[PDB]
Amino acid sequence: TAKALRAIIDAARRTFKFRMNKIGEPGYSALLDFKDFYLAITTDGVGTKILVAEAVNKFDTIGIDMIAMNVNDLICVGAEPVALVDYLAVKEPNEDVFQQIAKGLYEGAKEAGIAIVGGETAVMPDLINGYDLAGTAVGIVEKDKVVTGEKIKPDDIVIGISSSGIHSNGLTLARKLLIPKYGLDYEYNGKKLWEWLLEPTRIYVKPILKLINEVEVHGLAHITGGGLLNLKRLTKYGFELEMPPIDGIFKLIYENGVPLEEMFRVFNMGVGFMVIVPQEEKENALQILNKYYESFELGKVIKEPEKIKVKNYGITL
């Protein structure tokens, strides 16, 4: 997958010269230079989570997943999400399924504060054997307000916001590991396996925008595919983290042979979003974020570069 994909990436980077000294030149998401502001643009699909949706005929939350994966990446550079367009490829245009998908699309756009301004629907029964949903979102951020990670310095404090559902990359691993052994109808800690796998991810637009406007913010990380590795990419300095105790479906996955080291490189492990603020702003940040979702101190940026030290687990990434 990686070898083949690099042909697309390498061709794309060669097109950057076509906007050199032109409006919208490119500089989580791509930033386009519109002189008065950066336009941030990102693309993402739900992945194989729509397979579980199809098995239980529940599509009213998969649109939240698609919007969340897009808008949570936009806000990482400090951009305010503005609009989204979706790509829906289907085997057959089922009226009830489309009505279900539309419900989650509306609810997701509401929480993200965005308009769904267009898209395309492709009925291709010889090309699609089920349902495929993806989307592109655009946001705006002032030039002197981009959150890059350069301001991150040792002694900065890392704050985590609790997560909801599972992302597509980790969901692929959970499906092969848990479904053949337990079945979708297996009840684990009050929730059936398909409910654990179908549960929509969380939209963090509203608390993060309020945080940026009220608190000095140095770093913003969407804990999606890659787990804690999304935190390494922000800064060259290292981290000293005390992750929350393993719980929920992550506990069942860990009990089924996935090592802790790989748990934190694939799953969110209870933290869907991370923010980095100066030491003094801890109480200010925690008070704001907790008005929306449960937020807690995770650790700090340390001088020892690169490595993340998960203290209560003894893990180094």
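The numbering used is simple: start at 1 and walk along the sequence shown.
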{"property": "Chain break class for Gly257 to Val258, judged by how many deposited residues have no coordinates", "result": "none"}
{"property": "Of 157-165 and 67-75, the stretch whose C-alpha atoms average the higher B-factor in the entry", "result": "157-165"}
{"property": "Between 78-86 and 186-194 (mean CA B-factor, as deposited), the higher", "result": "186-194"}
{"property": "Options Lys110, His222, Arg202, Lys91 - largest CA temperature factor per the record", "result": "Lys91"}
{"property": "Out of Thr61, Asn57, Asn284, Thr43, highest CA B-factor residue", "result": "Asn284"}
{"property": "Among modelled residues of the same chain, the CA temperature factor third for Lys206", "result": "lowest"}
{"property": "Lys151 by Cα B-factor - lowest, middle or highest third of the modelled chain", "result": "highest"}
{"property": "CA B-factor ranking of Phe273, expressed as a third of its chain", "result": "lowest"}
{"property": "Position of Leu178 among the chain's modelled residues by C-alpha B-factor, lowest, middle or highest third", "result": "middle"}
{"property": "Among modelled residues of the same chain, the CA temperature factor third for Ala30", "result": "middle"}
